[PDB]
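Chains as they are written, first to last, in PDB author numbering: chain H, 2 to 82, 82A to 82C, 83 to 262; chain L, 3 to 9, 11 to 27, 27A to 27B, 28 to 95, 95A to 95B, 96 to 106, 106A, 107 to 211.
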Ligand SMILES: [K+]
């Protein structure tokens, strides 16, 4: 399964944060779909889930703000969180989960059903099958079973009153003084965007060895910037074209910047 | 929240244990799971039902539980195991899940390595947009601690500096970046600018100048 989160990257304080989870093909009608989030530097936090039958379960601490809905016909599950605050800024993941309460009997006991008791007492635990009204009957042990089976990639959602801004992309060109013998560094500077995040590839993914995209810095203006760098053979600088592909999904922007070596 | 140590470390080849302490209503209910979060990747399930391994998880990752404390044990530590690890459990209902506070695992013993430093002057395109950023990229160092200082001519510059916290590259060494934002006039008003990187008591400095390119 491959789960996909979609929705706005930016939410104003007190407005409602909404997301949708879709697949790349697999059906979600027979699976339980849940939402997990992680704020920067904080722990994973469970939000809630909805099972195949449409029953929902929420994190107690957030039950009053959350709503999860299923749309079998669109193969979609949605999430809504009312009253957004900066504490709700986070990466939001949709998941498929294993969720069930397993009943078992203590050692040496047997379920009423396995004793022939198919009506009253079929779900109780008996030390033997002598009497449906056995006074030594006991209730089953409940094991609440939870785990995440599949994880989406996550969608970062920022809560802020500042406005979206797409990035300006500038080349970090290699120069005669800046090589390292057989290899040369070249890059792209991705300036002044909001909110996060930006991702960067090189030559549309055909160049992956040597690539590093740095974390963003937050400037005094409230706008982020980052850089991406790749190491390539110095001999290829006059002949091979190098392009950085910058993706800024919060503004629906993609930029392909050709990075030309300097004459210097 | 379940209680984990904020950090653990071990050396290559050795074994480390990450504990997850809860109560009789979550961990003590007996179905704990573990998750691995590598910076850049999506979370990955490692362990479910206390001891069962998810598909693809080598045998050197093992889960266990004793009462209200569960433990993830990683043997034969490899560099690729550095990550954040989280435990989890239902609490009183299968729909009420709780996660642990997270544990950052550091794998020790890789070779020391001095930083490579590349300093880019403002691009011609940025200057024509009436802006100027110097970009200092610091790569392929270990261990992951550096200091970065900027100079205009030979005097310190603090205004307009931003620096990222080092993080691992795909080859398991560290990299970091630093920035000096100037106006085009400030850029042109000095003879040179420098970025100096201190690593393990030694310093690499790169210089650029408005008149050189
Ligand atoms: K119980």
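Note that the Cβ used here is the ideal one computed from N, Cα and C, for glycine as well.
query: Straight-line Cα distance separating residue 205(L) from residue 87(L); result: 44 Å
query: Extent of the continuous alpha helix (DSSP H) run through residue 125(L); result: 122 to 126
query: Beta-carbon separation (whole angstroms), residue 71(L) vs residue 134(L), contact threshold 8 Å; result: Residue 71(L) to residue 134(L), Cβ: 44 Å. No contact.
query: Residue 30(L) CB to nearest heavy atom of ligand 1 below 7 Å; result: yes
query: Under the three-state DSSP convention, the category residue 83(H) falls into; result: coil
query: Closest by C-alpha distance to residue 242(H), when choosing among 29(H), 249(H), 229(H); result: 229(H)
query: Coarse secondary structure for residue 5(L), derived from DSSP in three states; result: strand
query: Residue 86(H) CB to nearest heavy atom of ligand 2 below 7 Å; result: Only ligand 1 can be found as ligands here, which leaves ligand 2 out of the picture.
query: Distance, residue 70(H) Cα to residue 109(L) Cα; result: 51 Å
query: Close beta carbons around residue 7(L), own chain, < 8 Å, minus the five adjacent residues each side; result: 21, 22, 102
query: Coil, strand or helix - residue 245(H) by DSSP; result: strand
query: Beta-ladder partner(s) of residue 211(H), from DSSP; result: 226(H)
query: Per-residue DSSP class, three states only, for residue 111(H); result: helix
query: Residue range of the unbroken alpha helix (DSSP H) whose run includes residue 39(H); result: Segment 33 to 39 is the beta strand (DSSP E) holding residue 39(H); no alpha helix (DSSP H) there.
query: Residue 83(H) versus residue 13(H): straight-line alpha-carbon distance, rounded; result: 8 Å
query: Near-chain H residues of the stretch 153 to 177 of chain L (beta-carbon distance less than 8 Å), N- to C-terminal order; result: 160, 161, 162, 163, 165, 167, 168, 173, 174, 175, 177
query: Assigned secondary structure, residue 49(H) (DSSP; H/G/I helix, E/B strand, else coil); result: strand
query: Cut-off 6 Å between Cβ atoms - residues of its own chain near residue 101(H), not counting five sequence neighbours on either side; result: 138
query: Reduced DSSP category for residue 200(H) - H, G, I as helix; E, B as strand; rest coil; result: strand
query: Reduced DSSP secondary structure (H/G/I, E/B, other) of residue 114(L); result: strand
query: Whole-angstrom distance between residue 184(H) and residue 123(L), CA atom to CA atom; result: 16 Å
query: Own chain partners of residue 116(L) with C-beta closer than 6 Å, once the 5 adjacent residues on each side are dropped; result: 135
query: Residue burial classification, residue 169(L) (beta-carbon count within 10 angstroms, cutoff 16); result: exposed
query: Expected contact under 8 Å - CB spacing of residue 148(H) and residue 93(H) to nearest Å; result: 6 Å
query: Any non-hydrogen atom of ligand 1 closer than 7 Å to residue 52(H) Cβ; result: no
query: Span separating the alpha-carbon of residue 30(L) from that of residue 174(L); result: 44 Å
query: Residues in the stretch 50 to 61 of chain L having any Cβ partner in chain H nearer than 8 Å; result: 50
query: For residue 146(H) and residue 32(L), believed in contact at Cβ under 8 Å, the rounded distance; result: About 13 Å separates the two Cβ atoms, so there is no contact after all.
query: Residues near residue 78(L) by beta carbon distance below 8 Å, same chain, minus five either side; result: 13, 14, 15, 16, 17, 18, 19, 106
query: Proximal residues to residue 160(H) (C-beta, below 7 Å), its chain only, five neighbours per side dropped; result: 192, 220
query: Residue 211(L) at chain H interface by Cβ criterion, 8 Å; result: yes
query: Proximity test, residue 140(H) beta-carbon vs ligand 1 heavy atom, cut-off 7 Å; result: yes
query: Near-chain L residues of the stretch 160 to 174 of chain H - C-beta to any C-beta below 8 Å; result: 166, 168, 169, 170, 171, 173
query: For residue 184(L), three-class secondary structure by DSSP; result: helix
query: Own chain residues within Cβ distance below 6 Å of residue 137(L), not counting five before or after; result: 114, 173
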